[PDB]
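Single-structure report; data block below.
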Amino acid sequence: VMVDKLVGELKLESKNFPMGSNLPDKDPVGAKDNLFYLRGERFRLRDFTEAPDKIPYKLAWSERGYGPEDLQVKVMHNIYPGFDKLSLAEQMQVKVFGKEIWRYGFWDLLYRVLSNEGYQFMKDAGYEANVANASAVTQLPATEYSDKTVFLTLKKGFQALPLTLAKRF
Amino acid sequence: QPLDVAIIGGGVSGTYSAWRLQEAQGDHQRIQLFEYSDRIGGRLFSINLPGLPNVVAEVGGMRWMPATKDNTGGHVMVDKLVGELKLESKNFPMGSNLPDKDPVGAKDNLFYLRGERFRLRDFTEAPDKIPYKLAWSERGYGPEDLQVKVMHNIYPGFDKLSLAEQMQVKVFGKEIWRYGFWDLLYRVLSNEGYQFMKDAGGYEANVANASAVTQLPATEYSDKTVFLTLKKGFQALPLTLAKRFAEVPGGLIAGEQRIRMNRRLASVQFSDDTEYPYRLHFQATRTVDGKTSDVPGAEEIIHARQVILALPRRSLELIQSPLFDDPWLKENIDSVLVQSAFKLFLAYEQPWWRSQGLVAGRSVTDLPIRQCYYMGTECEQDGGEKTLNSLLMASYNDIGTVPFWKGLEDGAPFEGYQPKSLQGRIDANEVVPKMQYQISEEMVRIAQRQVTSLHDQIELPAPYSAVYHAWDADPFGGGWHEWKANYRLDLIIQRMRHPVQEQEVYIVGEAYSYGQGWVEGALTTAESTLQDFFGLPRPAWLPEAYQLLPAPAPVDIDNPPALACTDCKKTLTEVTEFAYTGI
Amino acid sequence: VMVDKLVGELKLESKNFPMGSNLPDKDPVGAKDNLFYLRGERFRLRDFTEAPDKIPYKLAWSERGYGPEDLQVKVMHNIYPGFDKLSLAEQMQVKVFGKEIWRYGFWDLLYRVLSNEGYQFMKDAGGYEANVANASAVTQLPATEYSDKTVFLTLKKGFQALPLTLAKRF
Amino acid sequence: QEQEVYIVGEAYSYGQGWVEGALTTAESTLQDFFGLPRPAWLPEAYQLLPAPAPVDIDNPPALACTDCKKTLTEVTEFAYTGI
Ligand SMILES: Cc1cc2nc3c(=O)[nH]c(=O)nc-3n(C[C@H](O)[C@H](O)[C@H](O)COP(=O)(O)OP(=O)(O)OC[C@H]3O[C@@H](n4cnc5c(N)ncnc54)[C@H](O)[C@@H]3O)c2cc1C
Ligand SMILES: Cc1cc2nc3c(=O)[nH]c(=O)nc-3n(C[C@H](O)[C@H](O)[C@H](O)COP(=O)(O)OP(=O)(O)OC[C@H]3O[C@@H](n4cnc5c(N)ncnc54)[C@H](O)[C@@H]3O)c2cc1C
């Protein structure tokens, strides 16, 4: 809100920072037709669901047939249904296999609820870093990376907000 | 009364330094070694887990390459002082001696990468089972074997060149030492064959991008390579030294004041005493159960003629001194990459691995354990207990930070369980050793969980004892050091013995040796300093044959004369036969 | 012993029990060639080691290449190296997964020391069929009495001969 | 132990499912309670029925791993077969 409305008062211009194809406009293929090149095998984002045989990760039967962004949400609910819709206050009291979830690094969790071939997977296909074991209460509902969510960019470049903040100062 | 020399840091480097000196120039000068902690040996650490009193769990150093008969090759320094100080040495096995007839060695040792299980033999026996898209050319070489194919592919014989000649070898129009290690391999290997070697070979997640001139002839770690660890555990050497130091008859100072422990150097300063331009302001340091913290007390100051710093990179970085301002020493303390080291030991009443035709060596996996080593069974040891108690070593990953071996360091502590073999001999509060780090009820459970999987098992017998340790804490901030790239190790290997000439300060340690991550590296750096800058001679136990340090190439690597090749008629022939192996 | 020595003092006729084949004279198949017909796939005793592909039981990797006996022996050395190289008293004092081995029912141990597929296997391939006993494992585990090299004997006049000869003698 | 009724058979023997069971039970029952000698044909070595463990094994003394140097070799060599 702060960024959308501040750009508001500062009357700086906005563009829709595009994450997918709007072509065709009959049926945009979003990013479905966007590329993936892991374990010396090429496929697409559509292949994850449309042709899970094409994915060269020996993941379990329970994990087969989900894109990685969709698999994060499976893990979350598996852990607890609704985490995303909880308040931080509440999300801190949530516990997994005994410990509160914020006592888990983001991978000291994944390697307990996913297969190692799901663990290695998500990694290769997040920024390898991704979280380098960031608290799991922050890094688990990181399911806004989608092309389904919206994103706006400054036309004059994002650096125009702090510059325009300096000048008006 | 003031000190002529102050060998600061009680590492294998320090302990060797003070010894020879007092031995020779000790009635002639006031020599004193200064230790941070309650323990000599430094990285060399040797605990005996309860129930395994004859299965040393070397947390730090473990083995050493035996000397060759020409004595110019092998960990010559280590392997002659192990005789001189007279210390017991057993073979460090990497393979299985059984079957006596046709010893499989490490061939049968396990691999679990990308959720598929094979063995070292399945490389040269059935590559079909490697679940990596290695290109035709590369398909059929073992991790070790591959590295050598690449090496050769570069400048045939790279392993045969002296450091001097090696440095001058360019590849694709660049000095080999200008490339890192991976940066190189991601131009000679398929991106799978790259990934593949990054998942198996030598250490682990380590093999960090380091000067290719150090890390390309790093194939030594094979199952044909002989190796020995001290019976008493590697810490034995830098203690017999620490003892032997204070045990020299001819001395100005008696043995009781010679080895001053629980003394951490915080400031080296230029005094006014033109004879002791070194005001060392130490601080009191107390060690409770491996965790040494500071006693605010008073910064005790002792006057020194010279201070032989036997410290690795952080250890140094931790002293406040105008000496580190020297522009060279400012930018040549970053010549080496700090890389952390973790390690888990688990004690079992049964070596369940034997039931599965694995004896000694390691097994590799895409699981966080990444590595695992089978050590030995107490009763297999020469005049050991009559127990089937045994030791599995692991957590031998090796990475920057926030990995998965620091992600389970918290919760509740593992107490373990009194084995039948230690009933009324030791208490369940005393089974799991209290170390600097206390392995948790959680880290044990996950480790075991993972170990099970690795070995394709349903459930293994729970361990009774378990210790975790790390070298990611100051005063080390890292296990072993590896030379960075676009650096001239050849020169720095020489000039870190005396960073500043005018000033009589000498830094010794593996941290700036050719033998980085080796005890040889720390002995060599010390010895070649004693000889050049303290005029100590070659002792009787060291051959002259063994060149201590390697030939520094000229500073003029600008367009030097081309290296006149030798027996290509041989070289190229060994290079071609070596490629018939993989076909 | 008692049978081998009683049939001695009773001077009764002994003959070999061939749990296998004697041909060819040079290098006998022993059993090896003997038939199996599990899970609608036919195979032979050899095809366990020679040709594991052919075994229709999806056993784990560590479990492939043994016969049902051989497998049992692995498991037993797993439970405790040289468990068969003990006395009964010593065997009652061996603990696995916290419990004395003799508090486990056979199967109830296998499932925790073997794959289900390996479990089923051994339950679909044993000596006395339907070994089903969940019997004190301390007795039924070291049953390494079933092979093509394990020497067996019978009585020419049949095993009923032993009781009768005693009854006669009596 | 008050009565004079004795039970022999394969059922309550270490030799269950075998004859030897029947023969071993009976003999010891005779050698012990019927005062019979040991047949000159039945060798002293052969222990008929196995000996029991103490009736308290709640905290058993650790078995003396006499020879592992031998045992662990074979256990290993046994594994190398199934590779
Ligand atoms: C995990 C691991 C495995 C290894 N395995 C092997 C192996 O198998 N074979 C082999 O040959 N080598 C091995 N090595 C290498 C071996 O540990 C080194 O050769 C050796 O321990 C380093 O000696 P050093 O003198 O360079 O310093 P260290 O041994 O690190 O000694 C440094 C000393 O400085 C002291 N110190 C720190 N700060 C201060 C201060 N302010 N004042 C005073 N003292 C201070 C410390 O307390 C310590 O005693 C291994 C190393 C690691 C980390
Ligand atoms: C299918 C099968 C295969 C076997 N294979 C082998 C083998 O290969 N090798 C081997 O060594 N052993 C084998 N055995 C076991 C072996 O036959 C027995 O262990 C042996 O017969 C034991 O004799 P016993 O006296 O203990 O009991 P039994 O043979 O049962 O003797 C009991 C006797 O008492 C009689 N009886 C029972 N109740 C009464 C009553 N109320 N009044 C009077 N008489 C009564 C019975 O009719 C019988 O005559 C096998 C058993 C079976 C069933």
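Bear in mind these aren't lab numbers, they're just calculated from the coordinates by the rules spelled out. Here the Cβ is made from the backbone with ideal geometry for all residues, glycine too, and neighbour counts use every protein chain on show.
At each listed q (0.21 Å⁻¹), what is the log10 of I(q)/I(0) that the Debye formula gives for segment B:132-179 modelled as equal alpha-carbon point scatterers?
These q points yield log10 I(q)/I(0) values of -0.78.
Can you give the FRET efficiency to the nearest 0.05 for C:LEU12 and C:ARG46, using r as the Cβ-Cβ distance and R₀ = 45 Å? It would help to have the intermediate numbers written out before the result.
Numbers: r = 36 Å, r/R0 = 0.80.
Calculated value: 0.80.
Using only atoms on other chains, find how many Cβ atoms lie within 10 Å of each Cβ of peptide B:456-466 and report the average. Present the calculation step by step, with values, prior to reporting the outcome.
Details: counts 6, 6, 13, 4, 3, 7, 2, 0, 0, 0, 0.
For this peptide, the per-residue mean of nearby foreign Cβ atoms is 4.
Taking the alpha-carbon set of segment B:168-266, what are its Rg and Dmax in Å?
Using the Cα atoms of segment B:168-266, the pair Rg, Dmax is 22.2, 64 Å.
Once the Cβ-Cβ distance between C:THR154 and B:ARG449 is put in as r, and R0 is 51 Å, what FRET efficiency do you end up with, to the nearest 0.05?
Numbers: r = 51 Å, r/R0 = 1.01.
With a Förster radius of 51 Å, E is 0.50.
Post the alpha-carbon centroid distance, segment B:454-470 to segment B:400-432, in whole angstrom.
11
Pairs of Cα atoms under 8 Å, at least six residues apart: use those to get the relative contact order of segment C:10-93, whole percent.
Values: 59 pairs, mean separation 11.2, N = 84.
In percent, rounded to a whole number, it is 13.
Give the residue list of trypsin sites (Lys or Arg not before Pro) in segment B:42-83 that are DSSP loop and have at most 14 other beta-carbon atoms within 10 angstrom.
Values: sites: B:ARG43, B:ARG63, B:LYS69, B:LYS80; in loops: B:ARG43, B:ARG63, B:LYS69.
The qualifying sites are B:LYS69.
Can you compute 3J(HN,Hα) from phi for each residue in segment A:153-169, using the Karplus curve 6.51 cos²θ - 1.76 cosθ + 1.60 with θ = phi - 60°, rounded to whole Hz and x for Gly and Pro?
Whole-Hz 3J(HN,Hα) from phi for segment A:153-169: 10, 6, 5, 7, x, 3, 4, 5, 6, x, 4, 4, 5, 5, 4, 4, 5.
Please list, short to long, the whole-number percent of alpha-carbon pairs of segment D:17-62 in consecutive 5 angstrom bins beginning at zero.
5, 17, 22, 20, 11, 11, 10, 4, 0
To the nearest 500 deg cm²/dmol, what mean residue ellipticity at 222 nm is calculated for chain A from DSSP H runs of n ≥ 4 alone, each contributing -39,500 (n - 2.57), summed and divided by the residues? Please report the intermediate quantities before stating the final value.
Working: 8 runs with 58 residues, N = 169.
Computed mean residue ellipticity for chain A: -9000 deg cm²/dmol.
Can you pull out the GluC sites (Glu not before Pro) in segment B:58-98 whose DSSP state is coil and whose Cβ has at most 12 other Cβ atoms within 10 Å? Display every interim value, and only then the final one.
Values: sites: B:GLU58, B:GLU84, B:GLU88; in loops: B:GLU58, B:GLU88.
Answer by residue number: B:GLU88.
Rounded to the nearest angstrom and ordered from largest down, what semi-axes does the equivalent ellipsoid of segment C:78-152 get from its C-alpha gyration tensor (root of 5λ)?
Values: eigenvalues 80, 59, 23 Å².
Value: 20, 17, 11 Å, ordered largest first.
If you count, for every residue in D:54-63, the Cβ atoms of partner chains within 10 Å of its Cβ, what is the mean? Could you put the intermediate results ahead of the total?
Numbers: counts 3, 0, 0, 6, 0, 4, 9, 4, 14, 12.
That average works out to 5.
Work out how far the C-alpha atoms of segment B:260-306 reach from end to end along every principal axis, then list the three figures in whole Å, largest first.
The Cα atoms of segment B:260-306 stretch 41, 17, 12 Å along the principal axes, largest first.
Find how many whole Å separate the alpha carbon centroid of segment A:114-169 from the alpha carbon centroid of segment B:310-371.
Using only Cα atoms to place each centre, the spacing works out to 33 Å.
Identify all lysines with a Cα-Cα distance to A:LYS155 below 27 Å; exclude those on the same chain that are fewer than 8 residues away in sequence.
A:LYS5, A:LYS11, A:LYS15, A:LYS32, A:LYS167
Between segment A:22-48 and segment B:221-291, what is the C-alpha centre distance in whole Å?
Segment A:22-48 and segment B:221-291 have Cα centres separated by 62 Å.
For chain B, treating each Cα as an identical point scatterer without solvent, what Debye log10 I(q)/I(0) comes out at q = 0.07, 0.12 1/Å?
Normalising to I(0) and taking log10 leaves -0.44, -1.31.
In nm, give the distance between the simple-model label positions of A:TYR80 and B:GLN423, each being 7 Å from the Cα along the Cα-to-Cβ direction.
The two pseudo-label positions are separated by 4.6 nm.
Once you list every other residue whose beta carbon is under 15 Å from the beta carbon of B:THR452, what net charge do they have if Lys and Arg are +1 and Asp and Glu are -1? Write down the numbers at each step before the final one.
Numbers: positive: A:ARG112, B:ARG117, B:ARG445, B:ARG449, C:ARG112; negative: B:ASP456, B:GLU459, C:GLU63.
For residues surrounding B:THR452, the net value is +2.
B:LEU563 to B:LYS69: FRET efficiency via 1/(1 + (r/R0)^6), r the Cβ-Cβ distance, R0 30 Å, to the nearest 0.05?
Numbers: r = 27 Å, r/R0 = 0.91.
So, using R0 = 30 Å, E works out to roughly 0.65.
Take every Cα-Cα distance within segment C:1-40, group them into 5 Å bins from 0 onward, and report for each bin the whole-number percent of pairs it holds.
6, 16, 14, 14, 10, 14, 15, 6, 3, 1
Grab the other residues whose beta carbon is less than 10 angstrom from that of B:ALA551, score K and R as +1, D and E as -1, and report the net. Show your work: numbers first, answer last.
Details: positive: none; negative: B:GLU165, B:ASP490.
Cβ neighbours under 10 Å give a net charge of -2.
Excluding B:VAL207 itself, calculate the net charge of residues whose Cβ lies under 15 Å from the Cβ of B:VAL207, where each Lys or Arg counts +1 and each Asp or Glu counts -1. Please report the intermediate quantities before stating the final value.
On the way: positive: B:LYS198, B:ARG362, B:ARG370, B:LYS484; negative: B:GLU144, B:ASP183, B:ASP199, B:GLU204, B:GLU220, B:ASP398, B:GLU482.
Computed value for this residue: -3.
Reported to two decimal places, what Rg/Rh ratio describes segment B:1-137 when computed on Cα atoms with Rh from the Kirkwood expression? Intermediate values should be presented prior to the final figure.
Values: Rg = 22.7 Å, Rh = 19.9 Å.
On the Cα set of segment B:1-137, Rg over Rh gives 1.14.
Please list, ordered by chain and number, the residues whose modelled amide H lies under 5 Å from the amide H of C:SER21; skip anything fewer than 5 residues away on the same chain.
For C:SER21, the qualifying residues are C:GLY30, C:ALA31.
Using a 10 Å cut-off around each Cβ of peptide B:510-522, what is the average number of partner chain Cβ atoms that fall inside? Can you show the working numbers first?
Numbers: counts 0, 0, 0, 0, 0, 0, 0, 0, 0, 0, 0, 0, 0.
Averaged over the peptide's residues, the number is 0.
Determine the equivalent ellipsoid of segment B:377-443 by diagonalising the alpha-carbon gyration tensor, then write out the semi-axes as square roots of 5 times the eigenvalues, largest first, rounded to whole Å.
Numbers: eigenvalues 155, 60, 14 Å².
Three semi-axes, in Å: 28, 17, 8.
Taking only the Cα atoms of segment B:410-549, how large is their convex hull per residue, in Å³?
Numbers: hull volume 33.1 nm³, N = 140.
Measuring per residue, one finds 237 Å³ for the Cα hull of segment B:410-549.
Taking a virtual spin label 7 Å from the Cα of C:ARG103 along the C-beta vector, which residues in segment C:121-149 bring their backbone nitrogen under 17 Å of it?
In segment C:121-149, the label zone of C:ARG103 (backbone N under 17 Å from the point 7 Å along Cα→Cβ) covers C:135-139.
Would you kindly derive the ³J(HN,Hα) couplings of segment B:128-139 from the backbone phi angles with the Karplus curve 6.51 cos²θ - 1.76 cosθ + 1.60 (θ = phi - 60°), listing them in order in whole Hz, with x for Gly and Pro?
3, 8, 6, x, 10, 8, 4, 5, 2, 2, 8, 4
Which value results when the Cα radius of gyration for the protein assembly as shown is divided by 2.2 N^0.38 Å?
Values: Rg = 34.6 Å, N = 1005, 2.2 N^0.38 = 30.4 Å.
Cα-based Rg divided by the globular estimate yields 1.14.
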